[PDB]
Every structure is written in structure tokens, then in C-alpha cells.
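Chain naming follows the written order as A, B, C, D, E, F, G, H, I and J, and within any one chain the residues start at number 1.
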């Protein structure tokens, strides 16, 4: 449910953006869930950055996969995005989100395939000052 | 496949009335038959039913006063309405129950076939 | 003029999900299982074609649940390590360490309650860097020490997989697909009835499927939707690739008392020089096996498509590396030496460095962790690589990478040929027989 | 009259899922003695 | 990467009007499409988690359908709150992508 | 279909004969078999019936305590053992096929194949 | 052929192996599951035996009834059921009509039939 | 539904209620929390089998209505057939005859089927 | 007299107490009783299933059409029913029990029921 | 169980899609039927089981609902469908009917 983004709102050019998304409902330790990072540049639609699966594996957007690191800490109920070599083109609101792929009915209650939970987002601006 | 009511009419606040109902197109020996009444200010109300084995069921408001009976040899359903009271004014309809899964004669109360109905006035 | 005739005992069944039990000839509690039938009855069903779906097989979810339940019942009575969650004063181990092992082990001292509950004593142990997290400086804490309940496994309860046969209640039957080319879904024209499944070893590994069954004719590529690059591909080998894994350190163990009747099993010290754990595979055998996998991959993705293997893109340590349990010692091997090739449409060995850690989080649960006690001496395992868990990048060249993490795929890779049905022996049919 | 262990229908895990059927069978001409305190 | 063309790019509507929004994918997504409504300043809210299956908590006025590469979202009777940018998103493999977005303004 | 009787044809009164019949051109075990007798100057008379399996045998009352009908489905052979033959038993005996069917088959209450009846004289 | 060996056989051939399937209907972690498996096997066996009892088929694997076959349930002839179809295909064909047939077996026999035997054994 | 009509005839006369014997028959069979459910399921099974065993012992196996060779004793009930079958329900009858139920069951075993089966053993003998 | 009271009696005399033994087959400290109850039920049902498939359902004494083979036991009736107990008999023919059961299954049900199935038409 | 049916004064054209709904005071699963009564005529049963249509009734009528919330949908309200419709439960005795919805022609 509650997904809480936390981290710097400022990165200088060529530095690394590091955001944490805290999960409050213990679903972080459950199967068939995917924990995604998505960014929306002002005036644009939304760009999926990547996700970490319940299994611990990750998938990245091919345009960003050389720069994006996604990791998690199950016990602390947090997942992390570390995006290297930040430039002006990376200014965007960075959101964390969650979806489920319970294709065979594992859960007793239906889960949503779409991003049924989003955080508030951190607007990240790249600027030397 | 029709039900045609007869009898009814006007009766005193403490008199009696007989209602009749003739069946035409179905087998009047395997059917559960029910009297249902519609009062001008209340809507449809179930009154009584008789199953194919001759067992009867009554609504609480009419139990002890009404007698429901059937005669298979005449394809006829009838109701003996004793001690009729002002609250008994209604159009009385005979109805046949949809046949479903064997229940040992227990009615379903889904009224598959209805008759035009006969008016009953108490005064 | 036909009449209804009732027949009881007709060979009719429908798909079902029921409770399956265990037979066997320890963590998995195989001593609680019924004995197996010394002469199993596999009954071929001629002219019976059944529809199978390995990705909708409820036996995989039931097995996964049973494996977790067995894991927990085997840890519930074991020693808790809550008292160990203290500040550690750790320094680097330098004694007879090669360059590959520098910084991997730390000599950590801490204040532990002695056998009496009033007095405290200073004790020390060696820890792997993967189990030690800085507090802020030489002051360290155990990884996830304050966010999870670390339970010490009982040293007397073995982690060695023992084949588990799954048996169906009377009135139910397990149907097996005998079609050697069965790809996991669809009709199987050659079906047999089995009371129970063959012995499935609960081998827990990632990336590489160790031990277990082999393909009968050709390497099998099985995926829920081969055109969906978000799904896993299970590769079943025809022949095994042997992998020789070792922990070349003559380790000692110390027993540090926690409380009455219970000890913490510490890593002690290492006799002789300290070298890194590693796994070897034959280079020629591995290359041949990948050539077979590529030949089978170039059936779905095109004959003129370049097939490339690469290492894991990231994520949890259990997924980025090949994780496995070798004699109770948990190995995390770097498989980038195995998945590093480009296959064009046109003796030696591979050594995989491995790291060792004692605090693991199996099943990726919140608030629970297990501490693997040290095993003394030198560890050596020889395993059969019987298959792979691969993913495709998707987004002329198709890049494949190792994956894993979800253990249901490991069981699914064994349960793919079985389905549970229920018997419906009571039927009716017209005959000329009247009562 | 009898005392027996009852099970729970619902729609916890100690109960049965999928809810009970609301349907009831009327017992015509059956008068039954009840005691809510026993 | 699966590309999406979403149409209309901008739609003006009054309260009570029927609103239809269409997404066209470059490749078949096997009914793995979700619809979202993003109000300015907020994260997109999920409306439909399948092509037609409505997200719990979303009013019944929203519905959708489609197959292959042709998918639609329908608002049976537009209300005063149903304004903002609507998006389609496929989860058929990776990368996950969103459509350009259709802004629903007030006539 | 070919049906050939291979039995004898001359016995003294009070003696006993066994008439075998071979069959080919159809599955023997799928059909019931009958024996039908025709006296030299008379019409046809049904004598016995055996089902397709051989467990059920039926006889005409005039022979019920004297004749035994049996069938071997492995050798495709039908036979009739006739003890205490009477002068009234002189006849041609046809090992006709049919006369009954199993409950899982259509009703074969007719004789569809006949052939080469054996002539038995009692004298 | 062993358990379910006749599953691919025609209904006729499969009806001679009913005992093969009948014999196989009765016979913390891994303890509880074993007990649940045993209880479930017993309950399902008895549910089928209860139905056989209600239909007057207790103690029999092949039971003939007094319920005629309705051509709306299936209009196939016997040669297209017993000789050219399996029981799995038949079960697929008779699905929507299984509860109707069971209700008729319950009502038309072993209820009306037992009252009739109760009266016949009276004289 | 299998539940439909269950006990509907409970207030009906014994004769009329004897036409519903399959309706009340078909509904008889179907952690500590888990143990409590298993005990309830096992008990339903045990009660079903005990009643079926009694029917077997009396020679009434597989029957809903079973005629016997035990004469009715007027000391158990001196009512005539109209009073019992047309003017009384089964609950009222059970209340009247429960004091004699074990005597009747004892006779059903001792006075007939043990003798009937031993005699049938000798009639199929000849 | 009583449960197993006839155990030391001859087979003939002991055959008169079949209901005495039959009625006693159906009827920490929590799971043991549940398993004991389930075991009693499964054993009861296996014996009832055998009686059913032999055409002996609902009977304690059941006559069959399976002839007795002198290879199973060559004793006459006097030495079985009058001069022997059931424990001795059970011991004497245990080696042939499954053979007899197979024959009972084959001729007392599979053949007999198809014959009855055919006699109900003719 | 008391049944409340609404709206009681529905009006529509001969080509409109209409929906008549009702509420049970208690949940009744799917133990509900819908009836059609023409003035001076016998009521006709349209739907039983909440979602099941009777033989002789065109596909124009459809039922939906469960528990306490039930409805009757007419995809095209032809001239022969202007009648009083009734909601009836048979989940618990006695049977009860709603007050009825009288569909009028604008």
C-alpha cells in the first residue's frame, strides 16, 4: 500500500541519483509482486525505469539498463534505485510503484495487474547549483 | 397451459367463500399448486399451497381459516376461505410451481404459471 | 427403448487439486513419510490423450508450501541468535591469506553472556564479509541483525536433499506424460497412471538446476510464453554437465554458550592457508551443452538469429550468483564465466569464484533469517547440472541471461510431467437392461 | 436435541471460506421447544 | 520495444458526455493492458487492471475492452472529477511502456 | 459368414449324439447362437439358445431336461449334446446365429445366419 | 490392464474391469496431510456408496434401473456408445444431465419402487 | 440442491413423510481448529456407518423401507394403522416408541435375520 | 457368549455369533483417538468392499458359486465344522486365501452380474 | 424477507434500454425471480434463479444480481414490455414480493 520515496532532490551533473522506496504492508516479502521505478519528465508521459521481482531478479528499460541499478532489502522492506551519470535529460518526477502477476490464482483475493499503488514521487532536477 | 379461476365475490366479515381454479394444458397430478393474493394496497401475497401428495402449507395470516385442496380427477384446485375478514380483500390467483430438482414434494415457490385471478370483497 | 444403467468403477477422472502426501525409501522430515512401494505400478493408458499444463500445475504450489513448512518446523526448536546482536569489534584476517581472499573474513570479538546469566565474557569468531555490515571504523554488526530474527540451524539436522515421492489419496491418481518431446503444455498422447511421482530431490539452487532428471532425447526449452521476455525459460539437458564445488579451507568450529543447554556455533579458525571457494566445470562439456541449448533456442527465435549468453543483470545475491547448499555450506558462485558467449548462425575447465555466507534469507521472507553453522574440514561436492533457468532481454541478436530466485521453477522442472486427477467411478449409460 | 462441535462459514483461516447458502427449508406443522439460556 | 499510439491526444468534453479513448500497440500485447487516470500533480491512479477488469475502488462508470493491438477505455457518463490525462500501459514483457496520454479538458 | 455343422446323423432310440458347428467370417464371441430343428415333413422349430459368452442357455420345453447347448469362443465352435433321443427328434438341425443380444447391443431377436443343417435320424 | 488401463477402451470393453478401479478407491508436516488424505478418501467413497444405496444399487457395480432413457440426454444408438465410445467421452457428453438422471433414479425407483414392494409383500 | 426439501416432511404424517426417505438420507453424510474439523467429518462417517451396519444386521441393507418378520407387540404401541400412519408424525412416533426401540432392534437381530440367514443357508443347500 | 466368546468354539457353533463380532468392529490422547477412529473405519470399509465385490453385501453368511478345491483343504465337513475352530481354519488355509478371493471376485460378480444384466432382457 | 423494488414510476420510450432494481432486507444468494403482469392479466414468470431466463421468454430480458442487490435489464423496451414487473424472493418462507414497478410509455 504506502510506498514512500526518500532521497536527494538534487544531483549534480555526472553524479549518481540514489532513491529509496519504503513499503509498509509486508507485501514486499510476498510472491508474484514486482517493485518498479518509473519516471515522468515534465510535459511527457511516463518512462518505466526498471523493476525488481519478488524472486530477487531485476529487469531494466533497454535505454537505461547500462546506468540503472535496482536492489532491495527484504527485512527493512525497502527497494533502491541507483541511476548513474545523471544529466539534464534525466530531470523528472521519480515514482516507485507496485504490480502483481498472479497468473494462476495463488492469492485468495484477486490482485491487480496494473500499478495499483504509487508513492508520491520525488522531483529530481539536475543542476550544478 | 392456463389456469382459470371461478368463485369468489362478496362475503360478510365473518362468513365464508369458496374459490375454484381449473387447469387446462398441464398434468394436474404432479404439480404443486398455490393460491396467491393481490390486495389493492399491498401487492402480491402468497396465501397457501398444496403439493402433488396432498400436503398443504399456509401463510401465518390465513392458517386455521383457509383450507386448500385439489381434485386431480377434475384438474381443479379449490380454496375454502372460512372466517373471512376485511383484510382478506384481494384478487386471488392460482399458480403452478416450476418443476425443479426432486425435493420430496417440498415446493420451490417459483410461480411458473399464473391464472387471471378472481376478485374477493369482504363487507 | 433404453434404460438408465448405473456403473460403478468406470475409468473416468477429472482434473483436481487435493492433498498429496509423502513417500520415501533431516530438514525435509522424510522419516515421517510412508514407505514407498518396492515395485511401483506405472500403468500405461493406451489411446488416452490428456491435456497438461506445467505452469498451472497445482502440485508445484503444494510442493513449495510443503518445503517451506518443513524448513520452518525443522528450525522452530533450534537455538535463536538474538543474544548475538551486539556490537562487534572486527579486524581483518591476514594469516596465510591469498590476494583473492583479502577482506573476505574478519576476526570479530564481542561481549557475550558466559554460562552464568550474571557475568559476561569476551569471545571472538570469524565472519564472512557478507554477514557483517558497518555500524557507522572497525565497529560492525551482523547483516540484518536488528531487522530480522536469525535462527541457528541445528547442526544435527541434515540439509542434504532426499528424494520425495508425492503420493495421491485413494480415489485420486497422478497421470504422467511419457511423451519425450512434451514442451509443458497441451495434449500428451502417451499418458500413464502412477500412484506417486518419482523421487524428486528438494534441491534448492538458482540459475543452474543441480541434480534431478534429464531430458530423454534432446534438450528441452520450456516457457509459459516464449514470445514474452518477462517469463522464465526452463532448459532441460539431455546429459549432465558435472560441476565440482569446493570450500578449500580446513575450518574449525567453536561452541559459544548462549544459555542453558544451547550453543552458538562459531567459525573458529582455519587450519593452514585460506583460499577462495570455487566450482569447476569441464570447458568442453559446457561449450557442447550450450551448443545444444543454442540449437534448440534457434527453433523459436529463427534459424539466422545470433544467440548470446551473458551474466545476470543484477538483483539479489541469491539471483545474481548461482546459490546452492553444499553439505550445509551455502555457496554463491560467479557464473559470468559460463554465460559469456556469442553463437553465430554460421581437457580444460572453467573455474567459477564462489563466496560463502552463513546468514541467509530463504524464501525471501520478512523478519526471518537462518544462520548456517560452520562445517569443519574441507568441503567437496560433485553435482550434475541438469538444466538452466534463463531469461531473455527481448528489447537480430537474442541475449539470454541466467535467472532464478523463485524456487517453484525448480520444482516445476521436475513436476512438469505430472498432473493430479480425481476418479469419478460412478457413471450412468443407456442399456436395454430393465430392473 | 444434541450438542456437537460446529464449524464456521465465512466470506480468518480457522473458518470455512465461500459463505453459507442462505436457503432454509420451512418445517410446516413443526412446533419445536427452544431455550436461549441452555 | 512495443510502441503505443494513443488517440485522441486531447479531448474536450462536458459533464454527462460519453468519452472513448483508444490505444493502438505496435505488437500484440495479449490483453495485458491497464488504464490509468493521472490528475495534475498526482501519481497516475489505476482504473482498469486488465483490458476490461475494473480496479477495486474505481466507479463503475469506467469500462474497457479490446484485443490484439486495438484497446479502448469508455467513460459511460463523464463526471466533474473525471478530467486529467488518461494512459494505456502494457505489461506484456519488458520494457513496460505507457502511451502518450490523452488530456480530458472541460468543454 | 459360413456356418458348418459337423455332427452325426444316425442314432438308435435312447442313444446320444453331439453335433458340433464351426463358424467363420464374423467374430464368433460377438453373437448369440441357436439351434433350430426341422422335421423332414414339418416347418422350423426353435430348440435352444446360448448367449455370446456361453453362460446363459435356454431350451424349448420338449428338450429342456435332455439337451445341452455349449459354446467354445476360443475354437469358434458351437455344440449341442442330445441325450435320450426320441423318434420325435428326427430333423435337420441348423446352428443358426442370433436369438438374443447383450444389454450393450441392439436386440437381435431373429436368426440372421443359417447353414448346412445336420440331418439326425432316430431309429 | 491394471488401474484405469481401460480408460482408453470403449465403454463396453471398459465395463468388464469395474472391480479394477473399485479396489483402488479406498487404498506435523506429512502427518496432518496423511490423515486428511485418509479422511477425504473415505468421505468420497461413502458419497458414492450413499448414492448407490439411494438408487437401490447397493452392493452392485452394474445396476439396472426402472428409469427410461430420455433421447434428449443423448440420441446415440447402442453401437455408438458401447462399441465406439470411451467412458471419458461419454462423461463429457452426459454432464448437464447427470443431476437430472440422479434425481430420477432417486425418485422413480427405490422410493416409489420400495413403496410398491411394501404393498406387494403385503398380500 | 441436495439440501432442498431436507426435513420438509418432519411435520407431515408418517405415511406422507415416508415418501421423502431419500431427501433426509442424501443429507446425512455431507491445529486443533483442523482437528475439530476432522473430528466432525469422522463423526459424520461413523454415524452413517453405524446406521448402515444396523441395516445390514437386520437384513435391510440397501433399503429405505424394509419389511421384517418380527410381529408388532401391542405393549410397544396399541395404536391402529390410521392413528399411526394418517394421524401422527414421525417425531411423535419416535417419542412414543423410544422406550421400546432397543427391544425392537434386539428382536430384529435375534428373532429373524440370524435365523433367516441360517435357514436360507439350508434352502440353497438342497 | 460375548465378543469373541466363541473363539474357542467349533466353527459351526462359532458361526452363530457373527453379529456379536460384527457389531464391535465400528465401536497426546487427541490425535491418537482420531487416528484410531479413522483406522477402524478404513479397515471396516475394506472388508465391506470385499463383501460388495463378491456379491455378499449386507450379509454375514454368503453362499457362492465357487467350488471348493481339495487342494486348499481336503478335510470333510465333520472335521471343519464340528472338530475345528476358526483360528485353526484361518491358519490352515491362509496360503490360499487370496486365491479364493480372486475366484470370488471373478465368478461372483464379474460373470454373475453380466449374466443378470442379460437375463433382464431375456 | 422484505423486498423493496424501485423505481416505482419508471417511464421510457418504445426503443429505450431500461433497468428495474430491487433490494432484499436479507441476503438471498440467487433465490430470486422476476415476473411480468399486464393489466387484467395473469403475471408471467420471466426470470428464476436471479440470472436464469425461462423458456418462452425472449433474450430481450436479462437478470443480474446476488446477495441483496438484484436487477432486471430490458435491452429494448418494446410496446409489449409495458407492464408491472415484480421482484420475488423464495429464500425463506413465506414467499414475498416487492411493490412492483409500473413501466409507462412517454
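Rule of thumb we're sticking to: a contact is a pair of C-beta atoms (placed from the backbone, for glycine too) under 8 Å apart; a residue touches a chain by one contact, two chains touch by 3 or more.
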Set of chains adjacent to chain F and to chain J: none
Starting at chain B, fewest touch steps before arriving at chain H: 1
Pair of chains with maximal C-beta contact number: C-G
Chain closest to the assembly centre - both centres taken as Cα means: G
Distance between chain centroids, defined by C-alpha means - chain F, chain G (Å): 38
Approximate Å spacing (C-alpha centroids) for the pair chain B, chain D: 32
Rounded Å distance, chain A centre to chain G centre (Cα mean): 58
For chain B paired with chain J, centre-to-centre distance based on mean C-alpha positions, whole Å: 22
Multi-partner residues of chain G (each touching 2 or more other chains): 11, 15, 18-19, 22, 25-27, 35-36, 38-39, 42, 45-46, 51-52, 56-62, 64, 78, 81-82, 104, 106-107
Multi-partner residues of chain F (each touching 2 or more other chains): 101, 103-105, 107
Shared-contact residues (touching 2 or more other chains) in chain E: 1, 91, 94-95
Contact pairs between chains, per stated definition: A-C, A-E, B-D, B-G, B-H, B-J, C-E, C-F, C-G, C-I, D-H, D-J, F-G, F-I, G-H, G-I, H-I
Parts of chain A lying in touch with chain C, wherever the complex brings them together: 26, 28-29, 31, 52-62, 65, 69-77, 103-104, 106
Footprint of chain H on chain G - complex, ascending: 32, 35-36, 39, 42-43, 46-47, 50-54, 56-59, 106-107, 110-111, 114-115, 117-118, 121
Residue ranges of chain C in contact with chain E within the complex: 225, 227-230, 394-395
Contacting residues of chain B [partner chain D, same complex]: 55-58, 106
Parts of chain I lying in touch with chain F, wherever the complex brings them together: 111, 114-115, 117-122
